[PDB]
Amino acid sequence: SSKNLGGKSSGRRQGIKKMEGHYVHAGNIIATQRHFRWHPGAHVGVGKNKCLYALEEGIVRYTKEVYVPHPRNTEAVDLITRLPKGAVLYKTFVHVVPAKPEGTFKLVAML
Amino acid sequence: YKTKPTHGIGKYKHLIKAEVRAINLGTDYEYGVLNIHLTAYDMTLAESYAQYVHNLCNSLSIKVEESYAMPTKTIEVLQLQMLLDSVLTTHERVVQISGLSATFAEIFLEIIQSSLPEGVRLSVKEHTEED
Amino acid sequence: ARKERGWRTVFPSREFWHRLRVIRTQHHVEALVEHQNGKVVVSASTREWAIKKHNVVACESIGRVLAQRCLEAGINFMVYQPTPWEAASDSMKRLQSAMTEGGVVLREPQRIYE
Amino acid sequence: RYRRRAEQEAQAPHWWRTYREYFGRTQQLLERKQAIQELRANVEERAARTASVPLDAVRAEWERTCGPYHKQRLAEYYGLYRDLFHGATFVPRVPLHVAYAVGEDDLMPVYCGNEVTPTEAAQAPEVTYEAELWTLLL
Amino acid sequence: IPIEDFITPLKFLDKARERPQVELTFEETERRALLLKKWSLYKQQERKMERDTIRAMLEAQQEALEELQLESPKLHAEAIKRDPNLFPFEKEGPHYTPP
Amino acid sequence: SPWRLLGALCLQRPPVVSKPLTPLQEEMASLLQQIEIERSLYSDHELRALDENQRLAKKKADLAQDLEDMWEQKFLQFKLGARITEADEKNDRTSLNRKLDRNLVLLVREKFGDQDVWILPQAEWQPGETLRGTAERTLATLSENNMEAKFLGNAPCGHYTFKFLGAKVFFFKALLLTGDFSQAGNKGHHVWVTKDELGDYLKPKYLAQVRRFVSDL
Amino acid sequence: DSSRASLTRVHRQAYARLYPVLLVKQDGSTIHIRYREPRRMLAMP
RNA sequence: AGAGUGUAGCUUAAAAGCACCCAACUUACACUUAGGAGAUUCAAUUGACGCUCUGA
Ligand SMILES: [Mg+2]
Ligand SMILES: [Mg+2]
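Here the protein sequences line up with chains W, f, P, 6, 8, e and m, keeping their order.
Counting in the deposited numbering, the first sequence runs from 38 upward without gaps.
Count the second sequence with the deposited numbering and you get residues 48 to 66, 77 to 138, 144 to 193, in order.
Count the third sequence with the deposited numbering and you get residues 61 to 114, 120 to 179, in order.
Count the fourth sequence with the deposited numbering and you get residues 56 to 79, 99 to 118, 120 to 124, 127 to 209, 213 to 218, in order.
Counting in the deposited numbering, the fifth sequence runs from 83 upward without gaps.
Count the sixth sequence with the deposited numbering and you get residues 43 to 104, 116 to 217, 227 to 279, in order.
Counting in the deposited numbering, the seventh sequence runs from 34 upward without gaps.
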């Protein structure tokens, strides 16, 4: 008969959309997941899904940085407290090294 | 990534332990969970003593797993001669201690003796009790 | 000019231009002004040996000094981003007050897009 | 403590790429001690239990001593040494006090980094620096 | 069944109007402040002394355990062996008057 | 390498009476008391004194004192044992009951042929015998008394080296619960001693270093 | 070192008064105690 | 009588940073907030007082 029934769910198609070095315009989704596999860094936002999106035009970069959580989020704090006195956690981040300058001064007129 | 040289830089769970006998071997020794029962008539005094003990333990790199208090026993005594009542109370406060190597324990005991407050009594014995 | 927008999981927030970083230790109280770069522009410490002459009061004094320094530099805006306990603390509050008095806003205006 | 440790780690270089990669007397002492002692005596704690500290004096002291040290940092921030001198830093030792005239009084002072408009800076400023020869430049 | 005596009883709720009056002077408060710091200092000194006492003792013990070992490798182990005397250790503290 | 085998014991007396407080300490205590008085919320005497008194006056217009008096009388009656059974004796160095406030230690005399040894309970342990056992034996023997010498552990306190023939002197701790002494004025010159006293009496460097592992107090 | 944990304040907030009572058990030994009401002496049988 | 030397507990600090202590939150510890105390052993890289170690 088969006692087990139910798990016929498809794959979520999650993962990295933009790998390191890829040029990225503002608003594009860099990477999608459940549970922070990758974290947001410079010029990278977060949705409600934990999906990372780019906040500026330029090159995506991945980097191992030091994890220091917000003091109001409690679990992380607890974990930190638990750790021995020389250790630091480390975590993988996604930055967007911005390409163009925010703007340039151009000549309007000679008054 | 796994194939990268950076693999497992985020690994933290081996730095945390998220999960009793008396081991007296040959040249390396351990007393098993010693309960220091601080019996006294003043509520404050016993507590103070307990606190001090705890502090000492902390200083000396010794674990303090439990530091509960036992209930206050109302020993109601009739002062016979004309019945004059005197409802005294005895307060017991405990500080459990695990790891302790040969030389340390004696020293600790000595320290305790030196520090003993005025009208307070000790009892250092094993964990096997029913609260 | 832009601000680093993200770092939303991490603390503290790098969305600023100028950051006021207070460093309390044993003895002496540092009070800095920083960029995204980490370039320490304007400091005020009790270790400076000029304000070592003449603690909550000390902290306040330092803050006051910094405010003057900020003015001199032409830094008028910070995002002060402390821990909750730090925020609560009296000394920090005093420092903030001093800064305000000096004329250095601890909020910092928006980027202006478009 | 953890935060401090993290900061320290960040400050260190590492080998895995990162955010930095892609974006970035005895007598005097004795005298000082004595002074401190005197101050303490004067206080005698009561004062602490809300004293203001004279700011002008402090400023003067700063100017005398570590003002020069401070100014280098400021210069670096403002990119004078990279633009003005193509690189290569220096500590401005001599304390320069330039002030622009506005009416009869007041005088608008030019500290290092201050906002001052061309209206106030229409006429040439008054200058003082307390030293004994030089070539002033703007 | 762990039941402690930390709960503030129900007898003390209504009977709370007898002393709300705490009105100190400047002089008194100042004096208190002066005292407290001094007391703290004294405590610190005492703890330092205690530490010294402990440390010295430890050192002595270590020395003994070096010497013993040097002069009898059979005996060091024996010395180390924790005796059974400390199952029921008992001692009352000092009183104010003897019998 | 003939190691001559001498044991020893650094005997201890637990202080009976409490210590006298320092001026500062006293002041602190007083302050604490005051604070306690301030904070506290009712007393059974204070409720049954004040209110009652108030009532009485009212009644008149229309107990505690006696109790206090009684208490005072009782206090007057109850004569206590002396804290000072030390300075009143003064010359009594040989009595165990002497210093109630401080801890104490035994200190014996032995004049030999070659040396003339001012001694802290020494012993001569046998290779087959244990050190602890030897110490116990010594305690039993030389002083000649019936004692409950509560030890702590089998590990020692401090050892010391004299070398002519290599040799040693091995010290332990023992805390006297109740030492029933037979014949107070015997010829074996034994002395009970505080910290200062210990420092004073001891001529040699061998026993002058013993005072570091004594409890200073 | 017997006076280190002797200088004790009541760390609880709401509580009764307490007086320096001299308690004596059958050993003949006084103790400073904080018993109900100002009972100076309470000799124990 | 000789060797190693010599910043407060400690330091590839140069008057620092950690350790440390009293209060108030705390069953207590812990955290946190307020306070507290501290040092170049002494004379011009040299010498003379302090320890540690080895002899008598
Ligand atoms: Mg599936
Ligand atoms: Mg499927």
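Cβ atoms here follow ideal geometry from the backbone N, Cα and C, with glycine treated the same way.
Range of the contiguous beta strand (DSSP E) that encloses residue i
i, result
"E197 (chain e)", "Element bounds for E197 (chain e): n/a, residue is neither H nor E."
"residue 157 (chain W)", "There is no way to answer for residue 157 (chain W), as the model of chain W reaches only from 38 to 148."
"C52 (chain e)", "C52 to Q54"
"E90 (chain P)", "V89 to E94"
"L89 (chain W)", "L89 to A91"
"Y154 (chain 6)", "No beta strand (DSSP E) holds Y154 (chain 6); the alpha helix (DSSP H) holding it covers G144 to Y155."
"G82 (chain W)", "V81 to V83"
"residue 136 (chain m)", "The structure shown does not extend to residue 136 (chain m), since chain m is modelled only from 34 to 78, so the question has no answer here."
"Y213 (chain e)", "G211 to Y213"
"residue 221 (chain e)", "No atoms of residue 221 (chain e) appear, because in chain e residue 217 is followed directly by 227."
C-beta contact flag for residue i and residue j at 8 Å
i, j, result
"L159 (chain e)", "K203 (chain e)", "no"
"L42 (chain W)", "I63 (chain f)", "no"
"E94 (chain W)", "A68 (chain W)", "no"
"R37 (chain m)", "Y109 (chain f)", "yes"
"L89 (chain e)", "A49 (chain m)", "no"
"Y106 (chain f)", "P179 (chain f)", "yes"
"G167 (chain P)", "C124 (chain P)", "no"
"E203 (chain 6)", "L184 (chain 6)", "yes"
"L80 (chain P)", "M143 (chain P)", "yes"
"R60 (chain 6)", "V114 (chain W)", "no"
"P57 (chain e)", "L153 (chain e)", "yes"
"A91 (chain W)", "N65 (chain W)", "yes"
"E137 (chain P)", "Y188 (chain 6)", "yes"
Beta-carbon separation (whole angstroms), residue i vs residue j, contact threshold 8 Å
i, j, result
"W254 (chain e)", "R151 (chain e)", "6 Å"
"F234 (chain e)", "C52 (chain e)", "7 Å"
"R45 (chain m)", "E78 (chain e)", "Not a contact, Cβ separation roughly 11 Å."
"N92 (chain f)", "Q158 (chain f)", "6 Å"
"residue 256 (chain P)", "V101 (chain P)", "Past the boundaries of the shown model lies residue 256 (chain P); chain P is included only from 61 to 179, so the question cannot be answered."
"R274 (chain e)", "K257 (chain e)", "Between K257 (chain e) and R274 (chain e) the Cβ distance is about 11 Å, and since that is not below 8 Å, they are no contact."
"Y178 (chain 8)", "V59 (chain e)", "6 Å"
"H252 (chain e)", "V161 (chain e)", "5 Å"
Beta bridge counterpart(s) of residue i as assigned by DSSP
i, result
"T63 (chain m)", "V57 (chain m)"
"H72 (chain W)", "According to DSSP, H72 (chain W) bridges with nothing at all."
"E87 (chain f)", "DSSP output for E87 (chain f) lists no bridge partner at all."
"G49 (chain e)", "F232 (chain e)"
"residue 72 (chain f)", "Coordinates for residue 72 (chain f) are lacking, as chain f steps from 66 to 77 with nothing built in between."
"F130 (chain W)", "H76 (chain W) and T100 (chain W)"
"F171 (chain 8)", "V186 (chain f)"
"residue 40 (chain e)", "The question about residue 40 (chain e) has no answer, for chain e in this structure spans 43 to 279."
"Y125 (chain f)", "Paired residues: none, contrary to the question."
"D242 (chain e)", "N199 (chain e)"
"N81 (chain f)", "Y86 (chain f)"
"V144 (chain P)", "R79 (chain P)"
Boundaries of the alpha helix (DSSP H) in which residue i is found, first to last residue
i, result
"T111 (chain 8)", "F108 to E153"
"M123 (chain e)", "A117 to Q130"
"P149 (chain P)", "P149 to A153"
"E168 (chain f)", "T165 to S177"
"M70 (chain e)", "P65 to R81"
"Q101 (chain 6)", "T100 to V117"
"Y106 (chain f)", "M100 to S116"
"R59 (chain 6)", "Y57 to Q66"
"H87 (chain e)", "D86 to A103"
Residue i Cβ short of 7 Å to ligand 4 heavy atom set
i, result
"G43 (chain W)", "Among the ligands present in this structure, namely ligand 1 and ligand 2, ligand 4 is not found."
**Request:** Give, in chain order, every residue of the stretch 58-76 of chain m whose Cβ lies closer than 9 Å to some Cβ of chain 8.
**Result:** Within the stretch 58-76 of chain m, the qualifying residues are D60, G61, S62, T63, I64 and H65.
**Prompt:** What are the residues of the stretch 149-164 of chain 8 that lie near chain f, defined by any Cβ-Cβ distance shorter than 7 Å?
**Reply:** Taking 7 Å as the Cβ-Cβ cut-off against chain f, the residues of the stretch 149-164 of chain 8 that qualify are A159, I162 and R164.
**Residues within the stretch 116-132 of chain W neighbouring chain 6, beta-carbon criterion of under 9 Å** = Under the 9 Å Cβ criterion, the stretch 116-132 of chain W contributes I117, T118, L120, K122, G123, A124, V125, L126, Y127, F130 and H132.
**Item:** Contact list for the stretch 76-107 of chain P against chain W, Cβ threshold 8 Å
**Value:** Answer in chain order: no residues at all.
**Request:** With 9 Å as the limit, tell me which residues of the stretch 82-116 of chain W have their beta carbon closer than that to any beta carbon of chain f; keep them in chain order.
**Result:** Taking 9 Å as the Cβ-Cβ cut-off against chain f, the residues of the stretch 82-116 of chain W that qualify are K101, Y104 and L116.
**Item:** Near-chain m residues of the stretch 159-182 of chain f - C-beta to any C-beta below 7 Å
**Value:** Going along the stretch 159-182 of chain f in chain order, one finds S176, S177, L178, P179, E180 and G181 with a Cβ nearer than 7 Å to chain m.
**Request:** Below 8 Å between beta carbons is the criterion; list the residues of the stretch 181-192 of chain 6 that meet it against any residue of chain P, in chain order.
**Result:** Result list: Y188, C189, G190, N191 and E192.
**Request:** With 9 Å as the C-beta to C-beta threshold (strictly closer), list the residues of the stretch 129-153 of chain e near chain m in chain order.
**Result:** So the list reads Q130, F131, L133 and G134, given in the order they occur along the chain.
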